[PDB]
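Numbering (the deposited numbering), first residue to last: 537 to 681, 681A, 682 to 858.
The beta-carbon is built from N, C-alpha and C at its ideal position, and this holds for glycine as well.
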Amino acid sequence: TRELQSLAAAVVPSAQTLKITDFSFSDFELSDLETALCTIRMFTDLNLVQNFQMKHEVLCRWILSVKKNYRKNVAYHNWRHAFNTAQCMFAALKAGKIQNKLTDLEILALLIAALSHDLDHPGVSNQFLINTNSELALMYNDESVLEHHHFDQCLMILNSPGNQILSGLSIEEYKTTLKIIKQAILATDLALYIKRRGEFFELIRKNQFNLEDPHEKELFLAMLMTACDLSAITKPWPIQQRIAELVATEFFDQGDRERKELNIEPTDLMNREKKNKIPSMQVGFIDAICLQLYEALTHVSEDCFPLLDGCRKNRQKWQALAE
Ligand SMILES: CCCCn1ccc(=O)c2c(N)nc(-c3ccccc3)cc21
Ligand SMILES: [Mg+2]
Ligand SMILES: [Zn+2]
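Laid out in structure tokens, this is it:
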């Protein structure tokens, strides 16, 4: 217990005080307790607590359970990444003006999904799990293996005694919400983003994009999840550079495991010996994966431009190092 008593007892500072509406937000200076308070504030200011009759103590317990079920020693995919993903979601809904485009249930699902989307991440990739004969890969037939696991864990915590923040929902609202959560968490598989984004970009290019179409709505929610998942790439250079080091640390750690467990030379991305490739890889990733997404999101809501602006600024910085 102990953290629950401290967390539950605390007066939760305002969103303005906590700076969580800012796209350029940094978690680095905050304690674990402070990030927990921020998370309560996100639920509160998105009209989720009273709307769905969440008990304060239960919400606090759930937040702590989510935090606890990240592996703190995994360099990047730990609680702070999940927290930052949820913070970007909050900022996008608020400053980015996405909130009024979505239903209450969608907002509820997205915030829960953001916080839960990498739960119990082992610090290695889907490909690694497949290649090391993971029981998870077998269970999920090699498809979005990690993300199926994150969803499993999400459900487990939601059903845990004392943590049931969705216990107040009606049977139909509960069904709807769980389905959105599943899709949102699965969407964070970059493989699924690459597979599905073409449709999204095409719809926008052809002036066919329609949020009132159920399929296009869920496509948009998947893209929004990815935008938040990759949010560190949009941050002020010092914040982005620090987080980029964590990403590389984790990838190189996998490479070490690959050499030992698979007797293979890792790809550049996973090869510490070839760490000189980082700036060029960062530029390539921003071009291939990031820019089009933040451009598209800004098309949907102009107020999301700061994410695009930040991404472009980071591209310039990396390219200066690379060339
Ligand atoms: C060392 C990274 C090289 C570039 N890179 C290659 C392939 C990837 O799959 C990824 C990735 N998933 N994320 C990032 C990243 C995200 C936020 C902030 C900083 C970086 C980078 C990346
Ligand atoms: Mg993930
Ligand atoms: Zn993630």
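Residue i Cβ short of 6 Å to ligand 3 heavy atom set
i	result
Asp678	no
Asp687	no
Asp748	no
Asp838	no
Distance cut-off 6 Å: residue i Cβ against heavy atoms of ligand 1
i	result
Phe564	no
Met816	yes
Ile768	yes
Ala628	no
Integer Cβ distance of residue i from residue j, believed to fall under 8 Å
i	j	result
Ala649	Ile692	Contact flag wrong, Cβ pair sits at about 12 Å.
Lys603	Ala572	7 Å
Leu543	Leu569	6 Å
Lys809	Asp803	5 Å
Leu856	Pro801	The Cβ separation is near 22 Å, so there is no contact.
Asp764	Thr712	Actually they do not touch by this definition, with Cβ atoms about 20 Å apart.
Cα-Cα separation, residue i to residue j
i	j	result
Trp598	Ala823	36 Å
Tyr606	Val660	14 Å
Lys591	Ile576	12 Å
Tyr676	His683	7 Å
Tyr709	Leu701	7 Å
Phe840	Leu797	43 Å
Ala831	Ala645	22 Å
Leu738	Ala618	30 Å
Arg740	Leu600	43 Å
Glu837	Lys555	21 Å
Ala551	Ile706	32 Å
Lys717	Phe686	6 Å
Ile634	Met578	14 Å
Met625	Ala767	12 Å
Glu593	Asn698	9 Å
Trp772	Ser652	27 Å
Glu734	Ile799	36 Å
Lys752	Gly632	17 Å
Simplified DSSP state of residue i, which is helix, strand or coil
i	result
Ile556	coil
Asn667	helix
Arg847	helix
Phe755	helix
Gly697	coil
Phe686	helix
residue 861	Shown here, the chain extends from 537 to 858; a query on residue 861 therefore has no answer.
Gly790	helix
beta-carbon residue i near ligand 2 non-hydrogen atom, thresh 6 Å
i	result
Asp656	no
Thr723	yes
Notebook entry, point to check: Counting Cβ pairs, one atom from each stretch, are 3 or more of them under 8 Å apart for the segment 559 to 568 and the segment 834 to 847?
Noted result: yes
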